[PDB]
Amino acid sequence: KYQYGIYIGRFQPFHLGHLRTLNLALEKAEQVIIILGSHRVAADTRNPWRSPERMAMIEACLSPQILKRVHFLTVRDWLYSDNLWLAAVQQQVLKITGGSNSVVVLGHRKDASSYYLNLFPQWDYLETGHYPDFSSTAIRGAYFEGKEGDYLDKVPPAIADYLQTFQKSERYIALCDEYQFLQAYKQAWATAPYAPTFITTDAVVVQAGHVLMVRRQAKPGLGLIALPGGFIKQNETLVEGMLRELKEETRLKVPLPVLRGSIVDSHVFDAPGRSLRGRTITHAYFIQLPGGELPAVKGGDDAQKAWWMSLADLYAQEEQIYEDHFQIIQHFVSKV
């Protein structure tokens, strides 16, 4: 009934709801294209598995024979440009679709994040409705809490196998820790009269095509590469707080007045899901340092340190970058 069927998701993990839709797709179209979103996002409690792992997981639920008509595509996130995303999807799809006009998109409008499901009017849209009782969020929560009965009856058996092997790895132990932390963090705000909103700053300091970075020291994202930034204090201005944090986390050897006078731009980042803590809006300041020897910063140990990274280094380690920091850098790179 269609030559091509597209199913997009994160599949973190692939569950019985997803398989139902993936089965429906196999009925409605000859070739099936699975699009693995959030490609190369750093692993966190919302996206635990890398996209090759997610492909293996899905493949393990299907037969070699049905796999003959199944195509995997991975697509990065561009949290601040839907158009860069759309284009990448079109381009990845085209390479399979030849160019055909016989194409459906299967999905369910679950919530606010499902808005993309109608940015393909070019193609047809098959809404599936909700399938009770299959919730990725519930599955992940159960899994990090070690409650097997709340997830085993919700994933394909090949998925349960995978979750059980993966339960042995270092990543799982780190993700359990990070999950306990967030849960406690959110719980500590449970008696607020209103959902809280968090304000942070971030410093984007660039010298001779390099950006000053740190390894995160506090949860969440412990150990990931990040911009130097943090929570605004009650009595400081955004610039002040930005400078205070830059100094605390990098001990950059440049006097505060030249730092101030080197701020050439700033920009607010407010994607509602940028941070799992929390609604967290960050104010990023772009600082351009002049030519010369690379500026000195604390050489603490290695997990304690700060260092300078070129764009090449940045792309090379894309999946080690915290939250949307790669996007913040890319925004100011478009400015220069």
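In case it trips you up, residue 1 is the first one in the sequence shown, and so on.
Colleague: State which stretch shows the higher mean Cα B factor in the entry: 178 to 186 or 199 to 207.
Modeller: Result: 178 to 186.
Colleague: When the Cα temperature factors in the entry are averaged, is it 169 to 177 or 190 to 198 that ends up higher?
Modeller: The stretch with the larger mean CA B-factor is 169 to 177.
Colleague: So if I compare the CA B-factors in the entry for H267, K298, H39, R274, which one is the largest?
Modeller: Comparing C-alpha B-factors across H267, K298, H39, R274, the top value belongs to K298.
Colleague: Whose CA atom has the top B-factor in the entry, of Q304, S310, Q288, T45?
Modeller: That would be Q304, according to the entry.
Colleague: Could you say whether, by C-alpha temperature factor, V336 belongs to the lowest, middle or highest third of its chain?
Modeller: For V336, whose C-alpha B-factor we compare with every modelled residue in the chain, the answer is the highest third.
Colleague: Split into thirds by Cα B-factor across the chain's modelled residues, where does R216 land: lowest, middle or highest?
Modeller: Middle third - that is where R216 ends up once the chain's C-alpha B-factors are sorted.
Colleague: How does the C-alpha B factor of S63 compare with the rest of the chain: lowest, middle or highest third?
Modeller: Middle third - that is where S63 ends up once the chain's C-alpha B-factors are sorted.
Colleague: Considering only modelled residues of the same chain, in which third does the CA B-factor of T282 rank: lowest, middle or highest?
Modeller: Its C-alpha B-factor, which the entry lists for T282, ranks in the lowest third among residues of this chain.
Colleague: Going by the entry, which third of its chain does the Cα temperature factor of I225 land in?
Modeller: It belongs to the lowest third of the chain when residues are ordered by C-alpha B-factor.
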